[PDB]
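Below, in structure tokens: the form deposited in one PDB entry, a single chain.
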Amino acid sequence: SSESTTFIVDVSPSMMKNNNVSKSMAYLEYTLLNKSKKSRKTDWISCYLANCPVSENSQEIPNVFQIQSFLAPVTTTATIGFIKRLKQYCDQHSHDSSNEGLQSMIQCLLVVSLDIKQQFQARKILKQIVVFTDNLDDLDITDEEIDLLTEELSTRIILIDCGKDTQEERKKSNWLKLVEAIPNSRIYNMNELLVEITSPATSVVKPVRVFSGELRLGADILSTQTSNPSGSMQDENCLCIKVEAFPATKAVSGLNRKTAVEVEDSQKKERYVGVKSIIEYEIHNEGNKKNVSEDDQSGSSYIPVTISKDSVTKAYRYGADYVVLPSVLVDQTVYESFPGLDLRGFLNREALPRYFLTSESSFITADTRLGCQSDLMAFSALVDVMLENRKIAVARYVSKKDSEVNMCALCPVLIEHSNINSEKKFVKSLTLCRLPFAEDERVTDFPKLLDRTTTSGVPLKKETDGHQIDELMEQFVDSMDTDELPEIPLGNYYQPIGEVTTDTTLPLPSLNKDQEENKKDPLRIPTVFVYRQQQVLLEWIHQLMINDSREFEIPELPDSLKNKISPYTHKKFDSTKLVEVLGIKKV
């Protein structure tokens, strides 16, 4: 839905001397540069300064400053301008015009509330105020003040505790009254927010349905391979379940780049506009005759000629013959398939070689938006028995009518849901991956490895000695063992969107605490190239536009990312002797 966020950054000297204003500026920079890359027209931002030394306000109230008015859509240029404006204000008012003590920060909240009610008087827009204050137990908002404030605000408050220090016990008061009175109000420590904005951001791709049909075992091929309004339920001695297929494991492309041509600018700056790609066909006229001569004279010519796409036809290949098909045969050269999942049989998990799977994974789940809950029971029972007997099912899979025909393997998998109730209520679904055809198989015969023999088959020489070779390699494999890192439980590998959706597009430390301490899985690592280039772009914008730097200072990849892509160490071990006895030499 439509959302609006407002930021209040305390300028009082407690913030300024503690450098928490710099932390607030960095967090706002990250959040706004994140909002700018989407530039949604319904994403409002607005930043105020509370306990400010110099005040300029639209309602004529001192110690309240609107350093940035309401803005939508957020843009990179606007973000850079606002961030550098706030930095300039901080620089100018740091020492010579620094305030004293802690002023009345409640006054800022009232002005911000009035401005919010002016901008969003009755719209059903999620309004938000995210205040950064350095003192919670020091500021006093009395009972009348909090009552009037909670009467004025229908908006949620995200109060950030920028000042936290170690102690054997922590106690706070005062500010909790306003948070408690207003529903959906939250409190966080600022270091947690900085950690969250440091961590990589996972993709949130919406689940889009790919296939919708029936998972039928024993269905008649005459009533299922025909263009008919009704489905496979013309027979009453088969099994038929309506299911739909969603993506389950799809490869991610790198960060988007754009090819552009440099154009003019007011100050001869860099302005880049993306080019348009047009396809164009050409032929080569082979006129290349050269005149004879008694010297090096061999001049000739070779030029192409552009022709339209209308007078171009596909010449398919059959061995050594490139032929063009008549119009009628082109309609005949396509296999007319029909959507559906036709079960071929059930085989054990180890009876299907793992290298057979040849494409991206997909979900299979009972259709609930067009079918009945009887389908739900049937599908759940099938998945449960497949899991109990550890079975995989091979099926003839056609997603849509025009698509290819595939032989696919159905793997039963459970998926964990929080659900409205405390009971977790595992959800049963199949997982689909395609198996190769006769023409897909490229399996050849390779020379043997364990006990090498010559090409003719007689055994090869036993070299010098292999007794220590395997012992040293065994020690090597135990050195890097990662069995101490737990693997994600069976069911939590796939998490539903319901566990990841948030009502606000603001980076927060999140409430899903199950994902904590379950990232130890050495195989589930965040995408690293995409995050690397995203961080590089963020730092480029920061240094070269906000700090007005001159030379880029490319950051180091965080140790949190490097740890999962660098060698592991369980037991200390040196492989130098193994290298020496294995006779490894680069050629």
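Numbering starts at 1 and runs along the sequence shown. Think of the rigid core as the biggest set of C-alphas that the two forms share within 1.5 Å after superposition.
What comes next is about the form deposited in another entry, which does not appear here.
Here the rigid core is superposed between the shown form and the other one, and of 248, 146, 343, 71 the C-alpha of 146 is the only one to shift by 2 Å or more.
Residue displacement note: residue 88 has its CA displaced by under 2 Å between the shown form and the other one (rigid core superposed). Relative to the superposed core, residue 128 undergoes a Cα shift smaller than 2 Å between the shown form and the other one.
When the rigid core is held fixed, the Cα atom of residue 365 travels less than 2 angstroms between the shown form and the other one.
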